[PDB]
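Before any comments, here is the structure.
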Amino acid sequence: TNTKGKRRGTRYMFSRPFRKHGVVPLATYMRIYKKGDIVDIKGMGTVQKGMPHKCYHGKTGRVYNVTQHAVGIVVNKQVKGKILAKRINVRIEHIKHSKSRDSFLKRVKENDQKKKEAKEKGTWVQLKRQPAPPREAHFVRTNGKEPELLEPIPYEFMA
Amino acid sequence: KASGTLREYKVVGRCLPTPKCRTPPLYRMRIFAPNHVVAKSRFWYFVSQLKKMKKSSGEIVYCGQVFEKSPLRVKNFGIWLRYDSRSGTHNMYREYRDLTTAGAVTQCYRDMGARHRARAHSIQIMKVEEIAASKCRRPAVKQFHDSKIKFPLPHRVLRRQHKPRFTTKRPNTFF
Amino acid sequence: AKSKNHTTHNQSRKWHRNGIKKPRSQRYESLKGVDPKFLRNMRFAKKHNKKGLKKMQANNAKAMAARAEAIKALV
Amino acid sequence: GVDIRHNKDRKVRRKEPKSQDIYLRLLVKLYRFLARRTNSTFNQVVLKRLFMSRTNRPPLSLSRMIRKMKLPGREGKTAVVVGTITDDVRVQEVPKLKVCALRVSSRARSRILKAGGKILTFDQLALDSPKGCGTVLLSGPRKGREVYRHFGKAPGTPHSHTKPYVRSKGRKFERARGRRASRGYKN
Amino acid sequence: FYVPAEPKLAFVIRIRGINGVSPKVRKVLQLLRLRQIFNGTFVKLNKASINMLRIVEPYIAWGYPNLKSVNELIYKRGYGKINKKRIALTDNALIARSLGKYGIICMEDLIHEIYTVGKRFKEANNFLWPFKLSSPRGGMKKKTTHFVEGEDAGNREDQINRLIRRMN
RNA sequence: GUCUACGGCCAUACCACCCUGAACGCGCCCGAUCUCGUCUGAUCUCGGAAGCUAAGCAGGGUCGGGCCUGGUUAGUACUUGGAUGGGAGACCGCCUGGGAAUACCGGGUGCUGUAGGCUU
RNA sequence: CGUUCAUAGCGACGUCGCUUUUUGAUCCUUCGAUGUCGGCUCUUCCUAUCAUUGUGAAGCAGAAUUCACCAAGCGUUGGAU
RNA sequence: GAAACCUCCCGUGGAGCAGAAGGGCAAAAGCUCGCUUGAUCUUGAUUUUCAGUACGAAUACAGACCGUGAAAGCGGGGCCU
RNA sequence: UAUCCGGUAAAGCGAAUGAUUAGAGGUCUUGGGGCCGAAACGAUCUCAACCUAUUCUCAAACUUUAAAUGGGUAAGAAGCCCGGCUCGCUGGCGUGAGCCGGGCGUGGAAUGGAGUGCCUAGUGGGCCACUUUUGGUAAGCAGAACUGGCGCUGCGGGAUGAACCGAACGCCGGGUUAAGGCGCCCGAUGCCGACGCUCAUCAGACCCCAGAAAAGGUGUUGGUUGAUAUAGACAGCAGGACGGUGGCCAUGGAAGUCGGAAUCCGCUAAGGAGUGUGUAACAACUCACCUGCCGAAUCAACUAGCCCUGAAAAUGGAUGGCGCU
RNA sequence: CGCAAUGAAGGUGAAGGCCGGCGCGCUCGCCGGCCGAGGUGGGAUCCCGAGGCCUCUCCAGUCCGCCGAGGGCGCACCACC
Ligand SMILES: [Mg+2]
Ligand SMILES: [Mg+2]
Ligand SMILES: [Mg+2]
Ligand SMILES: [Mg+2]
Ligand SMILES: [Mg+2]
Ligand SMILES: [Mg+2]
Ligand SMILES: [Mg+2]
Ligand SMILES: [Mg+2]
Ligand SMILES: [Mg+2]
Ligand SMILES: [Mg+2]
Ligand SMILES: [Mg+2]
Ligand SMILES: [Mg+2]
Ligand SMILES: [Mg+2]
Ligand SMILES: [Mg+2]
Ligand SMILES: [Mg+2]
Ligand SMILES: [Mg+2]
Ligand SMILES: [Mg+2]
Ligand SMILES: [Mg+2]
Ligand SMILES: [Mg+2]
């Protein structure tokens, strides 16, 4: 039976990468989280105040509270049969903005551009995405030179 | 791979074009298989080994059956192999005598099963080349190279053993 | 008479009989556990919204009249 | 062999009322018919409610019926209640109402009729309005029963406010180890 | 060379039973509506769809149906989903009633929507109740192994039409 | 073209030795009355401005180390899913999709924000 | 090693096996009980052959012999503690 | 004198940080000084074990009263487990 | 489709940590032992540790790298975009939050009716298989992961059978299948089935599975690589096998011959300073190069198929049986 | 038993708003009038309803429906303030 200790098994998780030890460079601290920012948690060894628990590393969630130098952040943690949305108080250093949402906002902005225009025109445009369709009919010109023959090569033992 | 009687297929394909490589080179093969479906698969297997190129990364351009151009000639075919033993992997040069390449490769696949308990999926056919009377290294072939060939069909054992299941006459096997 | 000591064998199955339901998201979640000094001040702000009502109502009527003038100019 | 779970194939809703009383069952015969032959979903809702339990059709107090009709616009209408109409002693002035109910208590009956109110039975409502047109369909507060105060996240489970089943309240019935901080802990 | 278009649409037959089947497979098999053995569905192809077929490969035989296949399946075993009651397409009054809000007003229209994979494919294809086909007459080769390697499972592209005829 | 002050990302920015630096800067530099501090005006603090780019600093250089980025290694190693495939086992081959890492060989060797100079 | 000679007979360092007449592991069966050692008595089987029949080997001259093959037909005893 | 003290050079930490080990740490989290009692008083929230109960341990705040620093700040015990 | 997380497989050790082989190079250090030195970083070796390039081989409790499978989020009306009010918070002005009031609709694929609350029994001995996996020589042993079974469950196949494969059962007719089969037992090959392989005085004969290995075999069949030979070979028989030379080390005797460093020339047609026999040691014998005869292929070394040796148990016996070439 | 809690107890015990005036409107204290169980989002259901859609003709034109875009009152219940 294994030890219940808080930091058990974070030998690798909380360990600054190769040649990225030392001073926590300052952008990290000086970037602003509001309420409802989508934020991915990633514990860090240098800063031990406000560390998240090893279960929430990797996990993404939303900011609910913002204190002086930390951010309350609702994240969903599964427990055997039940997913528990729960609220944890991570110090900034263990947290980035999750880009996952921004590619969405880019698309909605692009849609609002393509909805305003193409209204006065009349031609309705494809706003929905569509999965990669089968690759269409097309010609391939074997331009002058014929195809290159590939015989499989005879075995030989190298070692 | 399994079998039945194979057909030569021509299969040419290319790693599909990109920004960086706009008009990529075509690669052609001789892929013996029971049908185009497994032909194309077999094409991809051989190319994967040789070239950094997968079914996802490429497109088969032209798969097409290839017909023996001299069906009603009797030929001698040299065939080079690459089988897998229980032990290590090997090379051979088999020789068959047949009316077709397909027939000659089919013939090979049966022989290899017989003589080496080698199953389809172990065998790689590299080259199949029709060959003269000479340049035939195997005496099992060479004995049929002769103008006035002459042999009997000596102990001609009967079939139709159950047309008359029972009969008065003891049979005959001299003809 | 030693036992089996621990397992997780039939458990995933057991969990998924009744789903593994995601935690039921509402709009308007509580302000439980929000930095006290904030909550005081948003409470006070909420207290005095009724102060500055008469100004606000007039501003919307002026807006509504400007909308009605704009729609009349369009038509 | 097919893969479906047959687990929630049978829907558990009621079909008829569980009661055997004959007057209610006549109302059911009437509102089944109307439900099916009218387009009115009022009839369907009413029909649905005739099958429900006592618990499930709670009493609608006179004051609650007042204030719900005091609301702006539903004026010169009829309030409908598959439950019973009870009095409120803590309301005084009772406007002249129109009402449907399976029951109205004797006080509540007097007060309404004294006001110039009309009381209707459900057979009478149908003839008056078979498609439920110009009705206010109310309900009593379902979660009134003291029952519900024991339901929920259990007592002694942090941030629950759930009445425990206790023989008698008093200084020394619970309120020790697990409510005081002084005694063990608290939730 | 003329490399023709990669196919839009494929028929997908469930070719093994409903015992001892992994949960990820099982879910996809009930996202293709392939619950019983020897049920089949049309399926429009694309990166998403094709990969879902990749996750259920040794549980299905599938490929690119002929024109005739789409007819024979629709006429001989064409059943609507009409108020959730599997009902046989005996008249166009059924198809129209359901799919007529899309311009699809007859069996023929339906066949054209399925075969060309139109705008309104999702709605015509879902309208069709999944095709309960019989066992394969003349038998199969091998249930458990892939087509390429002798068996019946997996993509057999053109050759799905032979299988269709011996089952439909 | 380039610098100083405060920077962001933190080696394409590090290290070694070599060469070159106009003007403005930045420095070294000359002093200890006062501020301040030392065993020591070396450092630190303070008051300067005679010298000088020697050094720091910048820019460049090296079939340089290092780092960064491509190729190769290799569809190799590994690997999801499959079979009443093989094999006495150990292990291996196929199908279905995913797919690395050295050695070896190329190329690159800081970009840039705010505020203020100089080259008028 | 065997004077000499790896192998008549042997055989180190290594290695591959079989066997359940040793002892361990293990705890599947039996705790509403399967009588717990030895000896006596009696039958039958196995061969991994001590003797006996037929044979190959020798570092078998004879005598004595060990090595191996077919082989379990027939034997394999009397006592002291 | 291989080891005492002084001085110059190199030194990515190969030392040290009470203790096991792991992580973390260089004009520090090490060493040496100066001043100190945030190891003080008081509500709730949260995390960790978890049943998502307790205990312990911790995290973010908030209100007091202080410490220290030119200040920004940091500090309600021990860099973190 | 975007976007984070990861330190297992692999890989690496001319990158850290630890392990570890070899030689090059180095008075780095210095030594301990030498030999030639009185002694001398003198000359010459040497072994110690250290170092300069290289090099061999490794890691559950090492790692610069770094997969596959995998875990989060996100993919819109609770969303966007305007206008204005509230604050005891925050502040050069501004933030940030909370309020009102308008303005805008399908925002990846596939599927499916959802939500929600109360009472609640049995259970809390488990076992089995793929794959992964710890202890153990191993176990029908013990212990985890992952899915699926059996338990709760019949049916076709596997002769027999919890668990293998196929498939999951209302009561019946017709059809068709699976996995398995089709000499007879026993439904189906009573095909003029196709091509090979193999004879066993222990043949062989189908997942789980109920049985064999190393190592052998001109048994037979395929390969692979090399030869050879008309300058007529290859075997099969017949003729010589010397001298410089008791060569040198070894004397205990080795003039070819217990052993070992050597190891070339002559005559040459050609014979090794010698394969053996044997000798105290010789001798004597025996083992190339070439012919004479005969008359086309010959021969070597690997390799992998079937077959065989290897291969011993106790009541009489089991590819299921009968049998089968 | 229920219609009132909460405190160990002494005990205390579920109303608010608005408007006008008077005290300095001091987000505090006192005097007159009006409303009277707050508000956000979702809510079965009711309510209003542009507008169709025809009538054997060209228009007029009350009656009856069917649908109804759009907009409202919003039960219960839930979440939030
Ligand atoms: Mg247990
Ligand atoms: Mg059931
Ligand atoms: Mg299977
Ligand atoms: Mg000075
Ligand atoms: Mg200088
Ligand atoms: Mg200089
Ligand atoms: Mg370089
Ligand atoms: Mg000897
Ligand atoms: Mg025992
Ligand atoms: Mg007995
Ligand atoms: Mg014997
Ligand atoms: Mg400390
Ligand atoms: Mg404080
Ligand atoms: Mg690990
Ligand atoms: Mg490894
Ligand atoms: Mg029990
Ligand atoms: Mg056990
Ligand atoms: Mg049981
Ligand atoms: Mg199965």
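Laid out as a table, the results:
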| read-out | value |
| --- | --- |
| Options C:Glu29, C:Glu69; residue that is surrounded by 10 or more Cβ atoms within 10 Å (Cβ to Cβ) and touching a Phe, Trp or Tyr at 6+ places or on another chain (Cβ under 9 Å) | C:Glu29 |
| D:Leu26, sole failed condition from (1) away from ligand 19 (no atom under 16 Å from the Cβ); (2) surrounded by fewer than 16 Cβ atoms within 10 Å (Cβ to Cβ); (3) free of Cβ contacts under 8 Å to residues at least 12 places away in the same chain | (3) |
| Condition check for D:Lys131: within 9 Å of RNA strand J (Cβ to nearest atom) and closer than 23 Å to D:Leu24 by Cα | yes |
| Region A:47-87: number of residues that are of a type in the set (A, V, I, L, M), farther than 30 Å from C:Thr7 by Cα and part of a strand (DSSP E or B) | 5 |
| Whichever residue in region A:52-86 is more than 20 Å from C:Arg24 (Cα to Cα) and hydrophobic (A, V, I, L, M, F, W, C) and, among such residues, is farthest from RNA strand I (Cβ to nearest atom) | A:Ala70 |
| Enumeration of residues in region A:12-39 that are within 23 Å of A:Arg62 (Cβ to Cβ) and either in contact (Cβ under 8 Å) with a residue 60 or more places away in the chain or part of a loop (DSSP other than H, G, I, E, B) (or both) | A:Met13, A:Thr28, A:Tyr29, A:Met30, A:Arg31, A:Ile32, A:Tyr33, A:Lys34, A:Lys35, A:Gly36, A:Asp37, A:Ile38 |
| Qualifying positions in region E:50-87 - loosely packed, with under 12 Cβ neighbours inside 10 Å and in contact with a strand residue (DSSP E or B) (Cβ under 6 Å, 6 or more places away or on another chain) | E:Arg86 |
| Residue identified as of a type outside the set (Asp, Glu) and within 16 Å of RNA strand I (Cβ to nearest atom) among D:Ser105, D:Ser129, D:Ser139 | D:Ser139 |
| Every residue from region C:27-48 that is of a type in the set (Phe, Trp, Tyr) and within 6 Å of RNA strand I (Cβ to nearest atom) | C:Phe44 |
| D:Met52, sole failed condition from (1) part of a loop (DSSP other than H, G, I, E, B); (2) closer than 15 Å to D:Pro95 by Cβ; (3) hydrophobic (A, V, I, L, M, F, W, C) | (2) |
| Count of residues meeting criterion [farther than 20 Å from E:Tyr2 by Cβ and at the interface with chain A (Cβ under 9 Å from one of its Cβ atoms)] in region B:14-31 | 1 |
| Enumeration of residues in region B:123-150 that are in a loop (DSSP other than H, G, I, E, B), closer than 17 Å to B:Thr106 by Cβ and touching a helix residue (DSSP H, G or I) at 6+ places or on another chain (Cβ under 7 Å) | B:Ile123, B:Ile125 |
| Close pairs from region A:62-76: first of a type in the set (D, E, K, R), partner surrounded by fewer than 19 Cβ atoms within 10 Å (Cβ to Cβ) and not in a strand (DSSP E or B), Cβ under 9 Å, at least 6 apart | A:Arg62/A:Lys35; A:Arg62/A:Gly36; A:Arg62/A:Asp37 |
| Candidates E:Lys101, E:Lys143, E:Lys122 - the one that is within 16 Å of RNA strand J (Cβ to nearest atom) and either assigned to a helix (DSSP H, G or I) or within 30 Å of B:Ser57 (Cα to Cα) (or both) | E:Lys101 |
| Qualifying residues in region E:124-142 (those that are crowded, with 17+ Cβ neighbours inside 10 Å and either within 14 Å of another protein chain (Cβ to nearest Cβ) or within 16 Å of RNA strand F (Cβ to nearest atom) (or both)) - the one farthest from B:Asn35 (Cα to Cα) | E:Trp129 |
| In region B:34-65, residue surrounded by the most Cβ atoms within 10 Å (Cβ to Cβ) [restricted to those that are away from chain A (no Cβ under 13 Å) and in contact with a strand residue (DSSP E or B) (Cβ under 6 Å, 6 or more places away or on another chain)] | B:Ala39 |
| Single residue of region B:66-114 satisfying the filter (closer than 19 Å to B:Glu130 by Cβ, out of contact with any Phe, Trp or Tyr (no Cβ under 6 Å at 6 or more places or on another chain) and among the aromatic types (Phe, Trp, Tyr)) that is nearest to the other protein chains (Cβ to nearest Cβ) | B:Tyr109 |
| Which numbered condition C:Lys21 fails, given (1) within 10 Å of RNA strand J (Cβ to nearest atom); (2) over 17 Å from the mean Cα position of the chain (by Cα); (3) assigned to a loop (DSSP other than H, G, I, E, B) | (1) |
| Test for A:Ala137: is it touching a helix residue (DSSP H, G or I) at 6+ places or on another chain (Cβ under 6 Å) and within 30 Å of B:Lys10 (Cα to Cα) | no |
| Any chance C:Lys14 is facing chain A (nearest Cβ under 10 Å), free of Cβ contacts under 8 Å to residues at least 24 places away in the same chain, among the charged types (D, E, K, R) and surrounded by 10 or more Cβ atoms within 10 Å (Cβ to Cβ) | yes |
| Members of region A:1-37 found to be within 14 Å of chain C (Cβ to nearest Cβ), more than 16 Å from ligand 14 (Cβ to nearest atom) and not charged (D, E, K, R), listed by number | A:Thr1, A:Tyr33, A:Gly36 |
| Odd one out for D:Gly140 among (1) surrounded by 18 or more Cβ atoms within 10 Å (Cβ to Cβ); (2) more than 9 Å from RNA strand J (Cβ to nearest atom); (3) of a type outside the set (D, E, K, R) | (2) |
| Scope region C:38-53; condition within 16 Å of RNA strand H (Cβ to nearest atom) and either surrounded by 10 or more Cβ atoms within 10 Å (Cβ to Cβ) or of a type in the set (S, T, N, Q) (or both); matching residues | C:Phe38, C:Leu39, C:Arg40, C:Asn41, C:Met42, C:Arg43 |
| Residue ID - nearest to the chain's Cα centre (by Cα), chosen from residues in region E:95-123 that are among the aliphatic types (A, V, I, L, M) and buried (at least 19 other Cβ atoms within 10 Å of the Cβ) | E:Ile114 |
| Residue within region A:120-128 that is under 30 Å from E:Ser49 (Cβ atoms) and in contact with a helix residue (DSSP H, G or I) (Cβ under 8 Å, 6 or more places away or on another chain) present | yes |
| Restricting region B:72-89 to residues that are surrounded by 10 or more Cβ atoms within 10 Å (Cβ to Cβ) and more than 16 Å from RNA strand F (Cβ to nearest atom), the residue that is nearest to A:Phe157 (Cα to Cα) | B:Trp80 |
| Meets criteria (assigned to a loop (DSSP other than H, G, I, E, B), more than 14 Å from chain E (Cβ to nearest Cβ) and in contact with a helix residue (DSSP H, G or I) (Cβ under 6 Å, 6 or more places away or on another chain)) for A:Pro154 | no |
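Cβ coordinates were reconstructed from backbone atoms using ideal geometry, including for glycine residues, and neighbour counts include every protein chain displayed. Only the coordinates and a few stated rules stand behind these numbers; no lab work does.
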